[PDB]
Amino acid sequence: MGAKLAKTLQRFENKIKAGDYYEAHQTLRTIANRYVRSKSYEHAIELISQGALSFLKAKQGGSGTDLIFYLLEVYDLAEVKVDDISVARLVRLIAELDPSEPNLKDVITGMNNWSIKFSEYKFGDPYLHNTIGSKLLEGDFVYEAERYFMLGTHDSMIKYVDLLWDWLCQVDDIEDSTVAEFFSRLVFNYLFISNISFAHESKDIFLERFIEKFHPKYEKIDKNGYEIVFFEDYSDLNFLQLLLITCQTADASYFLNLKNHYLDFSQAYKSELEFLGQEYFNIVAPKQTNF
Amino acid sequence: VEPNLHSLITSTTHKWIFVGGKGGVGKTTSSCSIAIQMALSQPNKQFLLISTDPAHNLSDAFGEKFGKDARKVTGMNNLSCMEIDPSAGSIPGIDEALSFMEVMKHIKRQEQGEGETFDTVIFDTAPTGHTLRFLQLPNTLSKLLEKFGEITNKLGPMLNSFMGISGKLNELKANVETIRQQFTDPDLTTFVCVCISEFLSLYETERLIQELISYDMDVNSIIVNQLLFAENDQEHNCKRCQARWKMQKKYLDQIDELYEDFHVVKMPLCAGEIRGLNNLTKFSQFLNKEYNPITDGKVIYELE
Amino acid sequence: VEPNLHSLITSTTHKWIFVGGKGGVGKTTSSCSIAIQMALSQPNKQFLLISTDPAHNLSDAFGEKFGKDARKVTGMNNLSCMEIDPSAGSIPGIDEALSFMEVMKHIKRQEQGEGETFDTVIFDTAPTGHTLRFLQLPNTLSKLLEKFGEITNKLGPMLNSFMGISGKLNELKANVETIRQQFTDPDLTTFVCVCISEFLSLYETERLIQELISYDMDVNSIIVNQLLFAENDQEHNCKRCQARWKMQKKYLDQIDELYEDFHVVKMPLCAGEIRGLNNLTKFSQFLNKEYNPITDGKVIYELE
Amino acid sequence: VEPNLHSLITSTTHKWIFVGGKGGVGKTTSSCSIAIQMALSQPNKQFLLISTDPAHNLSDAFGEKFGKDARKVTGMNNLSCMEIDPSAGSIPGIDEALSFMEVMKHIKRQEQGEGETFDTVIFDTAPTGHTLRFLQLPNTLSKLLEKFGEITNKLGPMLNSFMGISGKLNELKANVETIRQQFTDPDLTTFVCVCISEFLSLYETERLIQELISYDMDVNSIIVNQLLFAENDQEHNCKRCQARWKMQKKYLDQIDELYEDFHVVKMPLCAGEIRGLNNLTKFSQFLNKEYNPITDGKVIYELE
Ligand SMILES: [Zn+2]
Ligand SMILES: [Zn+2]
């Protein structure tokens, strides 16, 4: 079995380097179906995956995409649980995917859905998300990448700050409220999943780049271990920084005082503040519109 | 894939040769054939052909009496035949185990009382009854031990060791050993299936192969006897024969597309049944070298 | 059998002291009592009284706040109290395991953060819920492994060794160890039951003991508080009290005939509930030396 | 630069913590200290302290037996200790590779057999032998492949392709990956050096750091124990002690001028050696917050 699989895999990738795509695809699936029929999942998984890899490496999105789906089907049929090995196979396949593949999103969804059903993560495995995010970003699917990165690993956080930084730079006419539209995303998103560490690191990396490129007037304020880069021309950024630390205290009073001083901002981030006030201050009362 | 059993007939490592095929599809024949081809190709190794068919097919195929006591087929000092009766519901695997365990006792018993040792045994599987059912229980129950062993590891092993990984190790040891008795190395064990180009046969074949794959038992040889190839025989005519092969050709294509990477050796149809050591060896030669109805037509109309 | 807990109160080997009694039968009381008697009798050993009752019975019995962090009861440098919440259906044993495993983590955690080590722990079992259910799974599933291991030994081990008793040995090793966590030595672990001379109580007691015996957990101590002994108190009269004890005497005889070889210590009824380290020690003295309603009447009408 | 290991003790990304210091400079101590400080600061991550010193320094430092099998130090459910023997000339790198490869097999083995996984490992480097020599071979031999691959591109690739840049691409791929195993991210791996303010120690330290820099291994922490600070201790006097520190102060200045941007944490001298989990944690607190001989004098004359 082990000596037979290895062999055929060459006569398959031989039909691929020869041009016989149909032959290579048809043969492999029928043979794979046989393993699945006998519940020899493990064998089918390696065969299918390997076949999908070669197809994608040969720029054959059609077959490649198809095999990925088939693999996933087995994954759910074999109840393959989410772990390193299981994730690795998908990551290795995602890397060979063409950012323009008409199925991209579908492939990504299928993989992530699998991770959700066979893991304790309501939105999928973190590591897996890190890979998925990068792929989506290659096809200019920014918004989709942002979400995955938000729910990714430490590297995702770096690639999320780069996604937001390269976007801010793309803006021709920058303004005081423009830098906030990007920066705020980091503070709010990470604060929702309560990832203070990522919220602080993403903040530091983004605020430092902003200082080394735009050279805005500022001055670092330090108090009891905490620091707040006070920008003289960006009130939005000052407010946002205070909001972060405030949530960390989980003290109702501080949250109310911060909002009362920044009435305007309290209405721009109405919904967002309402949530934060429920997750960090146990507030059930809705957010009263200031304006 | 060479449509022959050469690589196997000349293999000196294989020591377990399976041969199945339900449907009176000439199983007995193929068995004696594969056994003779290997014995003649490797005269430096003892071979044993054993059957469980109550019809004593091996004694009627060679022309001599074969019993529970292994006897060298007359004329060969490398091949031996054995005809034993594998018999003379709550727990799966048990019954099958007892059946196979008994046949192996008949093997070691014939290697002590003259014969000494057979390097490769040719198992002529029974006509009915999945005598290979126990080829999955050992892996089954074992994996259950793993679910048992691990889970039995409540939070810890901090506190589990204060009140008491030898378990996680010995399990993995009893695990491999077990899986080594089924897998039994593809280079050491293989399964040869026999059939013919006919609906019912394909149905029987397809399932048989699935069953073996679930046993992780290597399978890459499909024998198809009774083939006509009535479009080459020097003495054409006979619509009756041409029509039958038109049907056999239909299915044969389903076999060449169903089992693409399998050793599908297509054997020719013989006038009457092939019996006797002589007519058997001359017919088994096609298992080593493909049969050509254009040139080998003589050898066939010869066995007639 | 001495109707006292002397042998246990003066034992320096015991390190696991169970205390159960469903039915608001004064469990909390007996627990603090047995803990104090042992701590005072063996000042050269650290004791820990832990409860899981959500009512914080230990904090209301001593008069001080006790939490998940073990604290020495004020006035004693040998006894310590712990009040944790043991919570803050497919496989039997699992749930129970998680619960107990968690309480033991709270034990080792308080032995590192000052306290260092407790020689004997006084487990104040919960009011409801058989927190000792997992005291049988480990032996159960294990024995099943033995039926599994042995049977998996088809005819042989002649042929089972040719294709592959480490299994029959490691099993017996994982067997004993497991059985050593339940048996946990009768000289190292024991269970103290608490009840009163009343129908419902006896019913609850009888079953509790059966449950423990199925866990092979040693049990030979039955506490019966609230007893009247209204035929000796110096200040007779009061039919109401005499009638009630006539009923308690009825059942008490069923207890002395049901548990003939058990340590049935009969405790006296106190006017009000006993609280405060002081009134507790003076009442727990009867657990070491039998209570005599003829002479010890003072000590009781004293706690009043 | 804060003269402490705070940033590292509270880091949840680091998973490879090196700790070296030849010269019986209290390496074992610093190792156990750094491990305890990180385990206590991050109870949501499993840590593993492993040593190769044949003197079993970790078992003599904590007060318990530690073997090749990872065991949680008594009282901590976040820290674990490992004591293995890294042993039980033609090609550079090989020998070192075999040595390290083996220690890592002992790691993954203890994560399967209970322990599951350690987020950050505290490597207590051996007393002698540059066990990090292989931290340069992989980059070395590889770069040679590049000089090999390119040069092998005679005029062309016009004609080199007519008789035959997959080579220039796969090389760069095998290049980065390799360099990623040495570099191993400064945010994921770091090296902590230990020494004292003494000529010979500085000599040993200076070279050790050079060696690590040639390995591109991040190094920014230098521990200096046995310091006297005999000009603040409340109970002055003793010329003998004042003279010794006058010499230690001499070199300490060479350290503060030699390693200006390094984390030079100056640890205080203790009467006797520090052993036992307790005295270790209380002494390791200075690795998080600088030691002040004016106020923390008590904590020291306490470990005595
Ligand atoms: Zn009364
Ligand atoms: Zn001195």
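What you see of chain D is 5-92, 131-206, 212-351, where the numbers are those given in Swiss-Prot.
Heads up, header says this was done by X-ray crystallography, 6.0 Å.
The backbone N, Cα and C atoms fix where each Cβ goes, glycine too.
Taken verbatim from Swiss-Prot:
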BINDING   D:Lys26, D:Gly27, D:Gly28, D:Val29, D:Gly30, D:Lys31, D:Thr32, D:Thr33, D:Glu245, D:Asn272  ATP binding site
ACT_SITE  D:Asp57  active site
BINDING   D:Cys285, D:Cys288  Zn(2+) binding site
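Between the binding-site residues D:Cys285, D:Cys288, D:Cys288 has the most other Cβ atoms inside 10 Å of its own Cβ, all protein chains included. Taking a Cβ cut-off of under 6 Å from any atom of ligand 2, the recorded positions D:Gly28, D:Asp57, D:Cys285 reduce to D:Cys285. Between the binding-site residues D:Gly28, D:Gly30, the minimum number of other C-beta atoms within 10 Å of a residue's C-beta occurs at D:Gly28. Residues D:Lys26, D:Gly27, D:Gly28, D:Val29, D:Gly30, D:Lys31, D:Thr32, D:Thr33, D:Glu245, D:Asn272 are recorded as binding ATP; their most distant pair of Cα atoms lies 18 Å apart. Just so you know, the Cβ of D:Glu245 (ATP binding site) picks up 19 other Cβ atoms within 10 Å once every protein chain is counted.
The number of other CB atoms found within 10 A of the CB of D:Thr32 (ATP binding site), across every protein chain shown, is 25. Among the binding-site residues D:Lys26, D:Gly28, D:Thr32, D:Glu245, D:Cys285, D:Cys288, the ones whose Cα sits within 10 Å of the Cα of the residue listed as 'active site' are D:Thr32, in sequence order.
D:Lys26 (ATP binding site) counts 21 other C-beta atoms within 10 Å of its own C-beta, drawing on all protein chains shown. Distance between Cα atoms for D:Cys285 (Zn(2+) binding site) and D:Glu245 (ATP binding site): 20 Å, as a whole number.
Across the structure, D:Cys288 (Zn(2+) binding site) and D:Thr32 (ATP binding site) place their CA atoms 25 angstrom apart. When secondary structure is read from DSSP and collapsed to three states, D:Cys288 (Zn(2+) binding site) falls in the helix class.
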